[PDB]
Every structure is written in structure tokens, then in C-alpha cells.
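Numbering of the sequence shown is given in PDB author numbering, commencing with residue 22 and proceeding in unit increments.
Structure first, commentary second.
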Amino acid sequence: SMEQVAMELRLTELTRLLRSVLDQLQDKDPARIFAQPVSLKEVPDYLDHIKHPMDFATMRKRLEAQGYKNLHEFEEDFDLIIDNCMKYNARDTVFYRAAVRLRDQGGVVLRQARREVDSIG
Numbered sequence: 022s023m024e025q026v027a028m029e030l031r032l033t034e035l036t037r038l039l040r041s042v043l044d045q046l047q048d049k050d051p052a053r054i055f056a057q058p059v060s061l062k063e064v065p066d067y068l069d070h071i072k073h074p075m076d077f078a079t080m081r082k083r084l085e086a087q088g089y090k091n092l093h094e095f096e097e098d099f100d101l102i103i104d105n106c107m108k109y110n111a112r113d114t115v116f117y118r119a120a121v122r123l124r125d126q127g128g129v130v131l132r133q134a135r136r137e138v139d140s141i142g
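Below you can see the structure in the form of C-alpha cells.
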């Protein structure tokens with residue numbers, strides 16, 4: 022149908038916008054603390070602590086599979102990254118502190134993407 026393709030022309034376009042948004046958030050992690058999943062080989066007990074791991078490379082696999090139906094879904098994954106970190110790691114660590122930093126620097130980019138999505142469609 023022509024109505025099916027139009028929703029596809031929109032999902033495609035949403036996805037173009039989230040790649041920009043992701044790229045911009047990834048930039049706020051120059052240390053690449055959040056760039057790959059936590060290794061179970063290096064942290065065997067991780068899954069005893071964290072029930073839903075997440076990382077920028079996982080979010081990107083899903084993003085290119087057009088797997089984000091809206092901005093809320095994408096926001097949940099990004100917040101997982103932050104929130105997983107701040108539970109596993111203590112306050113005085115470099116890991117926890119990079120999460121706080123990424124969160125604060127994220128919310129600007131996210132504030133304006135919510136307006137670009139609402140504005141566009």
C-alpha cells in the first residue's frame with residue numbers, strides 16, 4: 022500500500038535524526054567508557070547486578086535495523102547506559118563520574134531533539 026510506504030518514509034527519516042542524535046551523545050564520551058558492552062569475560066558477575074545492559078554499539082546495531090519506533094524507546098536505552106553504570110560503580114569512581122557527565126551533557130541534545138521530532142512529525 023501507499024499508506025505503508027509513507028510510514029516507512031517517516032521511520033527512515035526518524036532514524037536519520039536519531040543517528041545524528043546518537044553521534045552527538047557519543048561525542049560527550051571521548052573516553053569511550055560507554056562505547057561497547059561490558060565484557061562478561063572481564064566482569065563475570067555483571068549480569069547478577071544488571072538485568073538489561075546497554076551500550077552505544079548495541080544502540081547503533083538497533084538504530085541501523087530501524088529498531089527505534091519513536092524517541093521514547095531510544096531515550097530508554099540511553100538512560101539504561103547511564104543508570105546501569107551509576108548502580109554498578111560507586112560515586113568516587115571515574116566510571117560513575119563519566120555517567121553523570123554524559124547524562125548532563127545528553128539532556129541538552131535530547132531537549133532539542135524532542136522539539137525537532139515534535140516539529141517534524
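A virtual CB, placed ideally from N, CA and C, is assigned to each residue, including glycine.
Quick one, which of the options has its alpha-carbon nearest residue i's?
i       : options                               : result
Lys-49  : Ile-141, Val-129, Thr-79 and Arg-136  : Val-129
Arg-122 : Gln-47, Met-80 and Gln-57             : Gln-47
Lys-90  : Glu-29, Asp-44, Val-42 and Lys-72     : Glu-29
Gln-57  : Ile-141, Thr-36, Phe-99 and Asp-139   : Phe-99
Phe-116 : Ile-54, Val-64 and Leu-84             : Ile-54
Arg-40  : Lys-72, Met-23, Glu-63 and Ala-86     : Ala-86
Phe-77  : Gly-142, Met-23, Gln-133 and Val-42   : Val-42
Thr-33  : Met-80, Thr-79, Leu-131 and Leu-84    : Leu-84
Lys-72  : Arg-124, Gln-133, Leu-101 and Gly-127 : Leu-101
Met-107 : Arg-124, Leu-92 and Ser-140           : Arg-124
Return the CA-CA distance between residue i and residue j, expressed in angstroms with no decimal places.
i       : j       : result
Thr-114 : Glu-137 : 35 Å
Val-59  : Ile-103 : 13 Å
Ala-27  : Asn-105 : 37 Å
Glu-97  : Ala-111 : 22 Å
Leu-68  : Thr-36  : 30 Å
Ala-52  : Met-23  : 45 Å
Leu-61  : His-70  : 12 Å
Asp-66  : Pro-74  : 13 Å
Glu-63  : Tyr-109 : 14 Å
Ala-120 : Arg-135 : 21 Å
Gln-25  : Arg-118 : 45 Å
Residue i by DSSP, collapsed to three states: which one?
i           : result
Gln-57      : coil
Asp-66      : coil
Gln-45      : helix
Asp-50      : coil
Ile-141     : helix
residue 145 : Residue 145 cannot be examined here, being either before or after the span of the chain that is shown, 22 to 142.
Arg-31      : helix
Report whether the distance from the Cβ of residue i to the nearest heavy atom of the ligand NAP is below 7 Å.
i      : result
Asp-69 : Summarising the ligand content, the structure contains no ligands, and the ligand NAP is consequently not present.
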